[PDB]
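Quick notes on the structure that follows.
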């Protein structure tokens, strides 16, 4: 008797199950429920960033970048690396902030994890902390979700970031393999940490700036 | 003691509380007793003001506003809607036109609102579009719901087939600030929206 158009996709329960675990990460990271946990705090992210302008003089839609990162802990030990890609897709109606979609692959000696989501490009210039959700994708991290928080250092905003990473096992894993559903989970969790995609304006319209 | 940078914003528990209720909407609409409003197989009469950025081309920069009338099968109007949408970009994977919409719902006894992503290319193809709803006034202020519509193939820009459900949440959804409302609408849209930029080869 259920209306098809009110029923949600098959993966929705698995998605929903990520939500409480995500809210729990901070507490689990603070020393503590015992599952496998990986916490790296006060990392130095050595970023080598190839930033391309589409209309060279100033940032705008169409711009893109790639970057490679090295995660080095306070003692100088490299704990993992990262490949990232980003594209500027549009300007918000309300304030013309530069909206960018990013995807990243984190590679640790014992496994891999991935990231995707929205970044306010205007805010990164201003020096804001950014946060991406993580889904584990292989090895030790395959059963894990987490959070990546990074801030571009004032001295070298394009080469050194300060970064914290937390990944935590979910019992029996998050259960997502399809890229479609992985992207949906990353959108769901990003809702808590990511910028607003297009805030309501004054004039009741979403016209372009 | 906790890392500020791993701690989620204060609204996170209220957002999290929306999730099981949202998953419960389909079952609730088909018959726990709360206040519930279901309108199925409405005819949505749409009046559309569409602006082009490069006039002959449908593309990024286009935007529109529209007025909608919800008429039940018996010909009674049960509410109206004002909406706005913009074409923001073409997906890397398949160049589909991605768009974003915000809408305000007005019923005789209250108000509700909507926002979310639309694949403008797939909508041509006859796919259903779905936006989460947050109540914003009157009877519905304490409610969340779902709006699903499909443009009629014979009159794709003026007639839609539409279903609406809104359901009371115990103690209201608890969101008043626009930023938290936008986050809740994004959170619930993750379940129903198109993929915004699928990974490429």
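Each reported figure results from applying straightforward, stated rules to the coordinates on display, with no laboratory input. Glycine also receives a Cβ, built like all others from the backbone with ideal geometry; neighbour counts cover every protein chain displayed.
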One-quarter of the Cα convex hull surface for the range A:1-56, in nm²? 9.6 nm²
Simple SL model, points at 7 angstrom along Cα→Cβ for residue A:68 and residue A:42; separation in nm is 2.9 nm
Can you work out the FRET efficiency for the pair residue A:155 and residue A:10, with r the C-beta to C-beta distance and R0 = 51 Å, to the nearest 0.05? 0.55
Hull volume in cubic angstrom per residue (convex hull over the Cα atoms of the range B:38-79): 99 Å³
Over its Cα atoms, what ratio of radius of gyration to 2.2 N^0.38 Å does the range B:44-132 give? 1.20
For a quick protection proxy, order the peptides B:42-52, B:72-82 by their average other-Cβ count within 10 Å, most packed first. B:42-52, B:72-82
In peptide A:37-43, how many Cβ atoms from other protein chains are near each Cβ within 10 Å, on average? 1
When the Kirkwood hydrodynamic radius is evaluated over all pairs of different C-alpha atoms of the range B:34-189, what value in angstrom, to one decimal, is obtained? 16.2 Å
Label residue A:112 and residue A:77 with points 7 Å out from Cα along Cα→Cβ: what is the distance between them in nm? 2.4 nm
Over the alpha carbons of the range A:115-171, what is the largest minus smallest coordinate on each principal axis, giving the biggest first in Å? 40, 20, 13
Rounded to a whole number, the mean other protein chain Cβ count within 10 angstrom for residues of B:16-27 is 4
Write down the radius of gyration of the protein assembly as shown and its Dmax, each obtained from C-alpha positions, in Å. 21.7, 73
Pair residue A:94, residue B:53: separation of 7 Å Cα→Cβ label points (nm): 2.0 nm
